[PDB]
file query_34.csv (CSV, C-alpha atoms and all ligand atoms)
chain,number,residue,atom,x,y,z
A,1,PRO,CA,131.9,57.5,77.5
A,2,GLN,CA,133.1,54.9,80.0
A,3,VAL,CA,134.0,56.3,83.4
A,4,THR,CA,136.2,54.5,86.0
A,5,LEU,CA,135.8,55.4,89.6
A,6,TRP,CA,139.3,56.1,91.0
A,7,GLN,CA,138.1,59.8,91.0
A,8,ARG,CA,134.6,61.2,91.6
A,9,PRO,CA,132.5,61.0,88.4
A,10,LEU,CA,132.1,64.8,87.6
A,11,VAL,CA,130.7,66.1,84.3
A,12,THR,CA,130.1,69.6,82.9
A,13,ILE,CA,126.4,70.4,82.7
A,14,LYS,CA,124.6,73.4,81.1
A,15,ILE,CA,121.3,74.4,82.7
A,16,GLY,CA,119.5,77.8,82.4
A,17,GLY,CA,122.2,79.3,80.3
A,18,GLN,CA,124.7,78.5,83.1
A,19,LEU,CA,127.6,76.2,83.3
A,20,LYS,CA,128.2,73.9,86.3
A,21,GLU,CA,130.1,70.7,87.3
A,22,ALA,CA,127.9,67.9,88.7
A,23,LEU,CA,128.5,64.4,90.1
A,24,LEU,CA,127.0,61.3,88.3
A,25,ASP,CA,125.2,59.7,91.3
A,26,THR,CA,123.7,56.2,91.0
A,27,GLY,CA,122.8,56.4,94.7
A,28,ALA,CA,120.5,59.6,94.2
A,29,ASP,CA,117.0,58.9,93.1
A,30,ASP,CA,116.6,62.5,92.1
A,31,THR,CA,118.7,65.4,90.7
A,32,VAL,CA,119.6,68.3,93.2
A,33,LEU,CA,121.6,71.3,92.4
A,34,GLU,CA,123.1,74.1,94.6
A,35,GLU,CA,121.0,77.3,95.0
A,36,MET,CA,120.8,78.9,91.5
A,37,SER,CA,119.0,81.3,89.2
A,38,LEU,CA,116.2,79.3,87.6
A,39,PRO,CA,112.9,80.6,86.1
A,40,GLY,CA,109.4,79.4,86.7
A,41,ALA,CA,107.0,77.9,89.2
A,42,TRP,CA,108.6,75.6,91.7
A,43,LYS,CA,107.3,73.6,94.7
A,44,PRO,CA,108.5,72.4,98.0
A,45,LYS,CA,109.9,68.9,98.5
A,46,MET,CA,112.3,67.5,101.0
A,47,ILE,CA,114.7,64.7,100.3
A,48,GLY,CA,116.8,62.6,102.6
A,49,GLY,CA,120.6,62.1,102.7
A,50,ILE,CA,123.2,60.7,105.0
A,51,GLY,CA,123.4,63.7,107.4
A,52,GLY,CA,119.6,64.3,107.6
A,53,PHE,CA,116.6,65.7,105.4
A,54,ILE,CA,116.8,68.9,103.4
A,55,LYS,CA,114.3,71.4,102.0
A,56,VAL,CA,114.1,71.8,98.3
A,57,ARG,CA,112.3,73.5,95.4
A,58,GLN,CA,111.1,71.2,92.7
A,59,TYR,CA,111.1,72.5,89.1
A,60,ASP,CA,109.7,70.2,86.4
A,61,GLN,CA,110.4,70.0,82.7
A,62,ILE,CA,113.9,71.5,83.1
A,63,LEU,CA,116.2,71.0,80.1
A,64,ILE,CA,119.7,70.0,81.0
A,65,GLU,CA,122.7,69.2,78.8
A,66,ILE,CA,124.8,66.6,80.6
A,67,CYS,CA,128.2,66.1,79.1
A,68,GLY,CA,126.7,67.9,76.2
A,69,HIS,CA,123.7,65.4,75.8
A,70,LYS,CA,120.1,66.6,76.2
A,71,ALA,CA,117.6,65.6,78.8
A,72,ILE,CA,114.3,67.1,80.1
A,73,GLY,CA,113.2,66.5,83.6
A,74,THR,CA,112.7,67.5,87.2
A,75,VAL,CA,115.5,69.3,89.0
A,76,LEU,CA,115.6,70.1,92.8
A,77,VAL,CA,117.4,73.2,94.0
A,78,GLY,CA,118.6,73.5,97.5
A,79,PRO,CA,121.4,73.5,100.0
A,80,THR,CA,123.3,70.4,98.8
A,81,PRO,CA,127.1,70.6,99.2
A,82,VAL,CA,127.6,69.3,95.6
A,83,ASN,CA,125.6,69.4,92.3
A,84,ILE,CA,124.2,65.9,91.9
A,85,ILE,CA,122.9,64.2,88.7
A,86,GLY,CA,120.5,61.4,90.0
A,87,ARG,CA,118.8,58.4,88.4
A,88,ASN,CA,115.9,60.4,87.0
A,89,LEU,CA,118.2,62.0,84.4
A,90,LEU,CA,120.9,59.2,84.3
A,91,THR,CA,118.3,56.9,82.7
A,92,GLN,CA,117.6,59.5,80.1
A,93,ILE,CA,121.2,59.9,79.0
A,94,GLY,CA,121.3,56.1,78.8
A,95,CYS,CA,123.9,55.6,81.6
A,96,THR,CA,124.7,52.1,82.9
A,97,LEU,CA,126.6,50.6,85.7
A,98,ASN,CA,128.9,47.7,84.7
A,99,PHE,CA,131.2,45.3,86.6
B,1,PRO,CA,126.5,42.3,84.9
B,2,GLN,CA,125.1,45.5,83.3
B,3,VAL,CA,122.9,47.5,85.6
B,4,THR,CA,120.5,50.1,84.1
B,5,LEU,CA,119.1,52.8,86.5
B,6,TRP,CA,115.3,52.6,86.2
B,7,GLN,CA,115.3,51.1,89.7
B,8,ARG,CA,117.8,51.5,92.6
B,9,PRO,CA,121.1,49.5,91.9
B,10,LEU,CA,120.9,47.0,94.7
B,11,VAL,CA,123.1,44.0,95.2
B,12,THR,CA,123.6,41.1,97.5
B,13,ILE,CA,126.7,41.4,99.8
B,14,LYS,CA,128.2,39.0,102.3
B,15,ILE,CA,130.1,40.6,105.2
B,16,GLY,CA,131.0,39.1,108.6
B,17,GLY,CA,129.0,35.9,107.9
B,18,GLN,CA,125.9,37.9,107.3
B,19,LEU,CA,123.9,38.5,104.1
B,20,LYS,CA,122.7,42.1,103.4
B,21,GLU,CA,121.5,44.1,100.4
B,22,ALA,CA,123.4,47.3,99.5
B,23,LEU,CA,123.3,50.1,97.0
B,24,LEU,CA,126.0,50.6,94.3
B,25,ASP,CA,126.7,54.4,94.9
B,26,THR,CA,129.0,56.3,92.6
B,27,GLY,CA,128.2,59.4,94.6
B,28,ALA,CA,129.8,57.9,97.8
B,29,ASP,CA,133.5,58.2,98.3
B,30,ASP,CA,133.2,55.6,101.0
B,31,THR,CA,131.3,52.4,101.9
B,32,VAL,CA,128.9,52.9,104.8
B,33,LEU,CA,126.8,50.2,106.2
B,34,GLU,CA,124.1,50.0,108.8
B,35,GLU,CA,125.0,49.2,112.4
B,36,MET,CA,126.0,45.6,112.6
B,37,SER,CA,128.3,43.4,114.7
B,38,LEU,CA,131.7,43.8,113.1
B,39,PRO,CA,134.6,41.7,114.3
B,40,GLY,CA,137.2,44.1,115.5
B,41,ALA,CA,138.7,47.5,116.6
B,42,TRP,CA,138.2,50.9,114.9
B,43,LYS,CA,139.4,54.5,114.4
B,44,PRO,CA,136.7,57.2,114.4
B,45,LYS,CA,135.7,59.1,111.3
B,46,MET,CA,132.9,61.4,110.2
B,47,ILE,CA,131.4,61.6,106.7
B,48,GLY,CA,129.3,64.2,105.0
B,49,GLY,CA,126.0,63.6,103.4
B,50,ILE,CA,123.1,65.7,102.1
B,51,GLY,CA,121.6,66.2,105.5
B,52,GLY,CA,124.9,67.4,107.1
B,53,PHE,CA,127.4,65.0,108.8
B,54,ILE,CA,127.4,61.7,110.7
B,55,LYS,CA,129.7,60.0,113.2
B,56,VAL,CA,130.8,56.6,112.1
B,57,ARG,CA,133.2,53.8,113.1
B,58,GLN,CA,135.9,53.0,110.5
B,59,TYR,CA,137.2,49.4,110.1
B,60,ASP,CA,140.0,48.5,107.8
B,61,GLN,CA,140.9,45.3,106.0
B,62,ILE,CA,137.4,44.0,106.1
B,63,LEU,CA,136.5,41.3,103.5
B,64,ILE,CA,133.3,41.8,101.6
B,65,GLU,CA,131.8,39.7,98.8
B,66,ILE,CA,129.7,42.0,96.5
B,67,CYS,CA,127.6,40.1,93.9
B,68,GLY,CA,130.1,37.1,94.2
B,69,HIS,CA,133.3,39.3,93.8
B,70,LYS,CA,135.7,39.6,96.8
B,71,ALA,CA,137.2,43.0,97.8
B,72,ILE,CA,139.1,43.9,101.0
B,73,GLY,CA,138.9,47.5,102.1
B,74,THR,CA,137.7,50.1,104.6
B,75,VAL,CA,134.1,49.8,105.7
B,76,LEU,CA,132.2,52.5,107.8
B,77,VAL,CA,129.4,51.5,110.2
B,78,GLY,CA,126.8,53.8,111.6
B,79,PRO,CA,123.6,55.9,111.1
B,80,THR,CA,122.8,55.4,107.3
B,81,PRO,CA,119.3,54.5,106.1
B,82,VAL,CA,120.6,52.1,103.4
B,83,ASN,CA,123.8,50.1,103.1
B,84,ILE,CA,126.0,51.8,100.6
B,85,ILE,CA,128.9,50.5,98.5
B,86,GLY,CA,131.1,53.6,97.7
B,87,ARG,CA,133.8,54.2,95.2
B,88,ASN,CA,136.6,52.7,97.5
B,89,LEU,CA,135.0,49.2,96.9
B,90,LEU,CA,133.5,49.9,93.4
B,91,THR,CA,136.9,50.3,91.9
B,92,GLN,CA,138.0,46.9,93.3
B,93,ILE,CA,135.2,45.0,91.6
B,94,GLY,CA,136.0,46.7,88.3
B,95,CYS,CA,132.8,48.8,88.3
B,96,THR,CA,132.5,51.5,85.6
B,97,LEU,CA,129.8,53.9,84.5
B,98,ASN,CA,128.9,54.1,80.8
B,99,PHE,CA,126.8,56.5,78.7
C,101,LIG,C1,127.3,58.5,101.9
C,101,LIG,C2,128.6,59.2,101.8
C,101,LIG,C3,128.6,60.5,101.0
C,101,LIG,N1,127.7,60.4,99.8
C,101,LIG,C4,126.4,60.8,99.8
C,101,LIG,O1,125.9,61.2,100.8
C,101,LIG,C5,125.7,60.7,98.4
C,101,LIG,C6,124.8,59.4,98.2
C,101,LIG,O2,124.8,59.2,96.8
C,101,LIG,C7,123.4,59.4,98.9
C,101,LIG,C8,123.0,58.1,99.5
C,101,LIG,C9,121.7,57.9,100.3
C,101,LIG,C10,120.9,56.6,99.9
C,101,LIG,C11,121.7,58.0,101.8
C,101,LIG,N2,122.3,59.8,98.0
C,101,LIG,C12,121.5,60.7,98.4
C,101,LIG,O3,121.6,61.2,99.5
C,101,LIG,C13,120.2,61.1,97.7
C,101,LIG,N3,119.1,60.7,98.4
C,101,LIG,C14,118.2,59.8,97.8
C,101,LIG,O4,118.5,59.5,96.7
C,101,LIG,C15,117.1,59.5,98.9
C,101,LIG,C16,117.4,58.1,99.5
C,101,LIG,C17,116.5,57.8,100.6
C,101,LIG,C18,115.5,56.9,100.3
C,101,LIG,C19,114.5,56.5,101.3
C,101,LIG,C20,114.6,57.0,102.6
C,101,LIG,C21,115.6,57.9,102.9
C,101,LIG,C22,115.7,58.4,104.2
C,101,LIG,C23,116.8,59.2,104.6
C,101,LIG,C24,117.7,59.6,103.6
C,101,LIG,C25,117.6,59.1,102.3
C,101,LIG,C26,116.6,58.3,101.9
C,101,LIG,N4,115.8,59.7,98.4
C,101,LIG,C27,115.1,60.7,98.8
C,101,LIG,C28,113.7,60.9,98.2
C,101,LIG,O5,115.5,61.6,99.7
C,101,LIG,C29,120.1,62.6,97.3
C,101,LIG,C30,121.2,62.9,96.4
C,101,LIG,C31,118.8,62.8,96.7
C,101,LIG,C32,130.0,61.0,100.6
C,101,LIG,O6,130.6,60.4,99.6
C,101,LIG,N5,130.5,61.9,101.3
C,101,LIG,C33,131.8,62.5,101.1
C,101,LIG,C34,131.8,63.6,100.1
C,101,LIG,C35,130.6,64.6,100.4
C,101,LIG,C36,130.8,65.6,101.4
C,101,LIG,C37,129.8,66.4,101.8
C,101,LIG,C38,128.5,66.3,101.1
C,101,LIG,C39,128.3,65.4,100.1
C,101,LIG,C40,127.1,65.3,99.4
C,101,LIG,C41,126.9,64.4,98.4
C,101,LIG,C42,127.9,63.6,98.1
C,101,LIG,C43,129.1,63.6,98.7
C,101,LIG,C44,129.4,64.5,99.7
C,101,LIG,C45,132.5,62.6,102.4
C,101,LIG,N6,133.8,62.4,102.5
C,101,LIG,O7,131.9,62.9,103.5
call {"tool": "encode", "arguments": {"input": "query_34.csv", "output": "structure tokens"}}
result
Amino acid sequence: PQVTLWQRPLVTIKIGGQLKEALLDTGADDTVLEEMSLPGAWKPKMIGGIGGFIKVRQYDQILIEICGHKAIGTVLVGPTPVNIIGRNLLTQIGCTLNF
Amino acid sequence: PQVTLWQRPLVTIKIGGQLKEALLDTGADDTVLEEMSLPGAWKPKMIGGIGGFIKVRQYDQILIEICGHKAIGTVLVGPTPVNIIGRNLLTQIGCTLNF
């Protein structure tokens, strides 16, 4: 689909058997999700934002269904205020910016 | 144009006589630019990011040319690491997201 921007661009995602709502974010180089129940071996990382830098756990090869479309990649779990779908998975679902 | 997201979606903007480069950010409700001399008066505002908050100066009715398209709107100035075009200006240039 085509999404206009009068409202935040939120989509329903399925990850780890759980259902969440997440923001399509062209300004995020990576994907970061609120703290959640995920299996496996993860590793520290820190990513910067507007209000400062935050501490996160990187999980690789994580399957995500975004707007019921499949993608496999790296997901970061941490204290973000919102679930964010970043460019690393937007390219995989073939998403483009158009004006 | 059609912007794919393999690299950051950067664009040339003209604001207050000066040329800068800014990020098209569907994850930002508002447009926040780096400190710069902006002709005028302003009301205070604070926005939230990934690292927490920030204190910024809000200017209204500022003309901006984004990739050659003109838009008039509210612009925030302050502590951001990158100039960001947020959804208040992305809807005025006709920008949509497609997948
Ligand atoms: C800027 C306004 C704000 N939006 C936002 O902050 C969301 C916006 O897409 C931001 C822009 C970024 C460019 C500042 N995207 C990101 O922060 C992403 N960072 C990167 O991609 C960085 C960039 C980055 C690159 C290089 C150096 C950096 C140094 C410091 C910081 C970032 C840096 N790379 C990394 C690896 O760390 C995260 C998702 C990985 C917004 O709309 N705020 C609202 C709503 C709101 C409230 C509270 C928390 C929010 C969290 C996210 C989105 C919206 C949020 C408001 N009214 O205050």
call {"tool": "calpha_fit_and_write", "arguments": {"input": "query_34.csv", "fixed": "chain A", "moving": "chain B", "output": "mmCIF file with C-alpha atoms, in the frame of the given file"}}
result
data_model
loop_
_atom_site.group_PDB
_atom_site.id
_atom_site.type_symbol
_atom_site.label_atom_id
_atom_site.label_comp_id
_atom_site.auth_asym_id
_atom_site.auth_seq_id
_atom_site.Cartn_x
_atom_site.Cartn_y
_atom_site.Cartn_z
ATOM 1 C CA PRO B 1 132.209 57.686 77.468
ATOM 2 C CA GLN B 2 133.346 55.060 80.031
ATOM 3 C CA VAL B 3 133.929 56.461 83.470
ATOM 4 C CA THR B 4 136.054 54.460 85.970
ATOM 5 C CA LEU B 5 135.724 55.398 89.714
ATOM 6 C CA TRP B 6 139.266 56.148 90.923
ATOM 7 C CA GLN B 7 138.228 59.808 91.076
ATOM 8 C CA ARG B 8 134.766 61.414 91.581
ATOM 9 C CA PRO B 9 132.573 61.077 88.347
ATOM 10 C CA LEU B 10 132.221 64.716 87.471
ATOM 11 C CA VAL B 11 130.761 66.141 84.320
ATOM 12 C CA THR B 12 130.078 69.405 82.638
ATOM 13 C CA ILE B 13 126.343 70.424 82.584
ATOM 14 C CA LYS B 14 124.576 73.363 81.003
ATOM 15 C CA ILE B 15 121.369 74.498 82.738
ATOM 16 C CA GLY B 16 119.571 77.864 82.497
ATOM 17 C CA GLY B 17 122.365 79.388 80.353
ATOM 18 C CA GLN B 18 124.895 78.602 82.990
ATOM 19 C CA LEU B 19 127.800 76.120 82.997
ATOM 20 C CA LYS B 20 128.311 73.988 86.172
ATOM 21 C CA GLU B 21 130.102 70.769 87.105
ATOM 22 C CA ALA B 22 128.030 67.945 88.650
ATOM 23 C CA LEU B 23 128.460 64.472 90.013
ATOM 24 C CA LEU B 24 127.014 61.347 88.289
ATOM 25 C CA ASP B 25 125.275 59.741 91.401
ATOM 26 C CA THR B 26 123.702 56.327 91.154
ATOM 27 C CA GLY B 27 122.904 56.589 94.834
ATOM 28 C CA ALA B 28 120.563 59.625 94.239
ATOM 29 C CA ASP B 29 117.007 59.013 93.232
ATOM 30 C CA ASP B 30 116.807 62.644 92.272
ATOM 31 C CA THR B 31 118.879 65.468 90.727
ATOM 32 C CA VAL B 32 119.749 68.178 93.241
ATOM 33 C CA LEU B 33 121.686 71.207 92.388
ATOM 34 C CA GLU B 34 123.103 74.097 94.320
ATOM 35 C CA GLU B 35 121.063 77.271 94.739
ATOM 36 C CA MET B 36 120.928 79.036 91.443
ATOM 37 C CA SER B 37 118.562 81.354 89.554
ATOM 38 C CA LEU B 38 116.081 79.025 87.910
ATOM 39 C CA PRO B 39 113.514 80.405 85.509
ATOM 40 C CA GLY B 40 110.173 79.561 86.953
ATOM 41 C CA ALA B 41 107.618 78.384 89.619
ATOM 42 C CA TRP B 42 107.949 75.362 91.955
ATOM 43 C CA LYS B 43 106.248 72.829 94.266
ATOM 44 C CA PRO B 44 108.023 72.089 97.565
ATOM 45 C CA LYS B 45 109.699 68.791 98.296
ATOM 46 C CA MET B 46 112.091 67.368 100.864
ATOM 47 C CA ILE B 47 114.763 64.724 100.224
ATOM 48 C CA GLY B 48 116.701 62.486 102.526
ATOM 49 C CA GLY B 49 120.405 62.246 102.688
ATOM 50 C CA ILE B 50 123.012 60.783 105.050
ATOM 51 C CA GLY B 51 122.884 63.694 107.409
ATOM 52 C CA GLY B 52 119.040 63.628 107.744
ATOM 53 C CA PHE B 53 116.700 65.670 105.451
ATOM 54 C CA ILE B 54 116.712 68.924 103.474
ATOM 55 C CA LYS B 55 114.071 71.317 102.158
ATOM 56 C CA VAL B 56 114.316 71.882 98.470
ATOM 57 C CA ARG B 57 112.434 73.572 95.606
ATOM 58 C CA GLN B 58 111.249 71.193 92.844
ATOM 59 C CA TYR B 59 111.084 72.391 89.191
ATOM 60 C CA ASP B 60 109.714 70.288 86.428
ATOM 61 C CA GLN B 61 110.367 70.218 82.705
ATOM 62 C CA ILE B 62 113.739 71.789 83.044
ATOM 63 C CA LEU B 63 116.192 71.227 80.124
ATOM 64 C CA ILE B 64 119.672 70.154 81.039
ATOM 65 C CA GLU B 65 122.599 69.262 78.772
ATOM 66 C CA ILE B 66 124.844 66.681 80.586
ATOM 67 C CA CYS B 67 128.179 65.994 78.801
ATOM 68 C CA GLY B 68 126.532 67.183 75.452
ATOM 69 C CA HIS B 69 123.337 64.976 75.857
ATOM 70 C CA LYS B 70 119.948 66.739 76.358
ATOM 71 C CA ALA B 71 117.432 65.479 78.984
ATOM 72 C CA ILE B 72 114.269 67.220 80.259
ATOM 73 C CA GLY B 73 113.179 66.341 83.759
ATOM 74 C CA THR B 74 112.655 67.366 87.382
ATOM 75 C CA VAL B 75 115.488 69.278 88.987
ATOM 76 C CA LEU B 76 115.721 70.086 92.808
ATOM 77 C CA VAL B 77 117.491 73.241 94.038
ATOM 78 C CA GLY B 78 118.716 73.839 97.524
ATOM 79 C CA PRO B 79 121.272 73.108 100.322
ATOM 80 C CA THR B 80 123.603 70.408 98.707
ATOM 81 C CA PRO B 81 127.396 70.699 98.859
ATOM 82 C CA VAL B 82 127.865 69.383 95.283
ATOM 83 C CA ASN B 83 125.602 69.401 92.248
ATOM 84 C CA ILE B 84 124.243 65.947 91.795
ATOM 85 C CA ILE B 85 122.797 64.190 88.741
ATOM 86 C CA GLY B 86 120.441 61.428 90.125
ATOM 87 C CA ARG B 87 118.892 58.418 88.564
ATOM 88 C CA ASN B 88 115.841 60.426 87.137
ATOM 89 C CA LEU B 89 118.310 62.091 84.627
ATOM 90 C CA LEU B 90 120.866 59.192 84.401
ATOM 91 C CA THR B 91 118.345 56.946 82.798
ATOM 92 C CA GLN B 92 117.600 59.579 80.107
ATOM 93 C CA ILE B 93 121.201 59.802 78.956
ATOM 94 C CA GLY B 94 121.402 56.016 78.734
ATOM 95 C CA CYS B 95 123.761 55.699 81.732
ATOM 96 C CA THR B 96 124.471 52.159 83.010
ATOM 97 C CA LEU B 97 126.751 50.662 85.621
ATOM 98 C CA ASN B 98 128.969 47.711 84.666
ATOM 99 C CA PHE B 99 131.111 45.244 86.642
#
call {"tool": "residues_near_ligand", "arguments": {"input": "query_34.csv", "ligand": "ligand LIG 101 (chain C)", "cutoff": "6 Å", "atoms": "all atoms listed in the file", "output": "PyMOL selection string"}}
result
(chain A and resi 25+27-30+47-50+81-82) or (chain B and resi 25+27-30+47-50+81-82)
call {"tool": "closest_atom_pairs", "arguments": {"input": "query_34.csv", "of": "chain A", "to": "chain B", "cutoff": "6 Å", "atoms": "all atoms listed in the file", "output": "Markdown table"}}
result
| residue | atom | partner | partner_atom | distance |
| --- | --- | --- | --- | --- |
| A:1 | CA | B:99 | CA | 5.3 |
| A:2 | CA | B:98 | CA | 4.3 |
| A:3 | CA | B:97 | CA | 5.0 |
| A:4 | CA | B:96 | CA | 4.8 |
| A:5 | CA | B:91 | CA | 5.7 |
| A:25 | CA | B:27 | CA | 4.5 |
| A:26 | CA | B:25 | CA | 5.2 |
| A:27 | CA | B:25 | CA | 4.4 |
| A:49 | CA | B:50 | CA | 4.4 |
| A:50 | CA | B:49 | CA | 4.3 |
| A:51 | CA | B:51 | CA | 3.6 |
| A:52 | CA | B:51 | CA | 3.5 |
| A:53 | CA | B:51 | CA | 5.0 |
| A:54 | CA | B:51 | CA | 5.9 |
| A:80 | CA | B:50 | CA | 5.7 |
| A:87 | CA | B:5 | CA | 5.9 |
| A:91 | CA | B:5 | CA | 5.6 |
| A:94 | CA | B:99 | CA | 5.5 |
| A:95 | CA | B:99 | CA | 4.2 |
| A:96 | CA | B:4 | CA | 4.8 |
| A:97 | CA | B:97 | CA | 4.8 |
| A:98 | CA | B:2 | CA | 4.6 |
| A:99 | CA | B:95 | CA | 4.2 |
call {"tool": "residues_near_point", "arguments": {"input": "query_34.csv", "point": "(129.4, 37.1, 110.7)", "cutoff": "9 Å", "atoms": "all atoms listed in the file", "output": "JSON, numbers by chain"}}
result
{"B": [14, 15, 16, 17, 18, 19, 37, 38, 39]}
call {"tool": "write_last_selection", "arguments": {"input": "query_34.csv", "atoms": "C-alpha atoms", "output": "PDB file, keeping the file's coordinate frame"}}
result
ATOM      1  CA  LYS B  14     128.200  39.000 102.300  1.00  0.00           C
ATOM      2  CA  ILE B  15     130.100  40.600 105.200  1.00  0.00           C
ATOM      3  CA  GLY B  16     131.000  39.100 108.600  1.00  0.00           C
ATOM      4  CA  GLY B  17     129.000  35.900 107.900  1.00  0.00           C
ATOM      5  CA  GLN B  18     125.900  37.900 107.300  1.00  0.00           C
ATOM      6  CA  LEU B  19     123.900  38.500 104.100  1.00  0.00           C
ATOM      7  CA  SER B  37     128.300  43.400 114.700  1.00  0.00           C
ATOM      8  CA  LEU B  38     131.700  43.800 113.100  1.00  0.00           C
ATOM      9  CA  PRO B  39     134.600  41.700 114.300  1.00  0.00           C
TER      10      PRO B  39
END
call {"tool": "residues_around", "arguments": {"input": "query_34.csv", "residues": "residue 78 of chain A", "least_positions_apart": "6", "cutoff": "10 Å", "atoms": "only C-alpha atoms", "output": "ChimeraX atom specification"}}
result
/A:32-36,45-46,54-58
call {"tool": "atom_distance", "arguments": {"input": "query_34.csv", "atom1": "atom CA of residue 77 of chain B", "atom2": "atom CA of residue 11 of chain B"}}
result
17.9 Å
call {"tool": "atom_distance", "arguments": {"input": "query_34.csv", "atom1": "atom CA of residue 42 of chain B", "atom2": "atom CA of residue 66 of chain B"}}
result
22.1 Å
call {"tool": "atom_distance", "arguments": {"input": "query_34.csv", "atom1": "atom CA of residue 13 of chain B", "atom2": "atom CA of residue 31 of chain B"}}
result
12.1 Å
call {"tool": "residues_around", "arguments": {"input": "query_34.csv", "residues": "residue 63 of chain B", "least_positions_apart": "2", "cutoff": "9 Å", "atoms": "all atoms listed in the file", "output": "list in words"}}
result
residues 14, 15, 16, 61, 65, 70, 71, 72, 73 and 74 of chain B
call {"tool": "decode", "arguments": {"input": "query_34.csv", "residues": "segment 63-96 of chain A", "atoms": "C-alpha atoms", "output": "compact mmCIF listing (two decimals), in the first residue's frame"}}
result
# COMPACT_ATOMS: atom_id res chain seq x y z
CA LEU A 63 11.79 -12.98 11.37
CA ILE A 64 9.22 -10.26 11.24
CA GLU A 65 5.90 -9.98 9.46
CA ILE A 66 5.35 -6.30 8.70
CA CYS A 67 1.90 -5.54 7.48
CA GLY A 68 1.71 -9.29 6.96
CA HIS A 69 4.83 -9.34 4.69
CA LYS A 70 7.93 -11.37 5.70
CA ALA A 71 11.39 -10.03 6.39
CA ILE A 72 14.43 -11.53 8.22
CA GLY A 73 16.90 -9.25 9.94
CA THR A 74 18.43 -7.60 12.95
CA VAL A 75 16.14 -6.19 15.60
CA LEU A 76 17.25 -4.10 18.63
CA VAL A 77 15.32 -4.32 21.89
CA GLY A 78 15.38 -1.52 24.37
CA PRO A 79 13.77 1.38 26.15
CA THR A 80 12.42 3.16 23.06
CA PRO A 81 9.13 5.04 23.62
CA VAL A 82 7.70 3.53 20.38
CA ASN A 83 8.24 0.35 18.31
CA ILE A 84 10.24 1.58 15.24
CA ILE A 85 10.65 -0.17 11.83
CA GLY A 86 13.92 1.24 10.39
CA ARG A 87 15.57 1.20 7.01
CA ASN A 88 17.19 -2.22 7.46
CA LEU A 89 13.74 -3.87 7.15
CA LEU A 90 11.97 -1.18 5.07
CA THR A 91 14.27 -1.99 2.16
CA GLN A 92 13.34 -5.64 2.56
CA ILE A 93 9.59 -5.03 2.30
CA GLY A 94 10.41 -2.87 -0.75
CA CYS A 95 9.17 0.36 0.76
CA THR A 96 9.79 3.71 -1.09
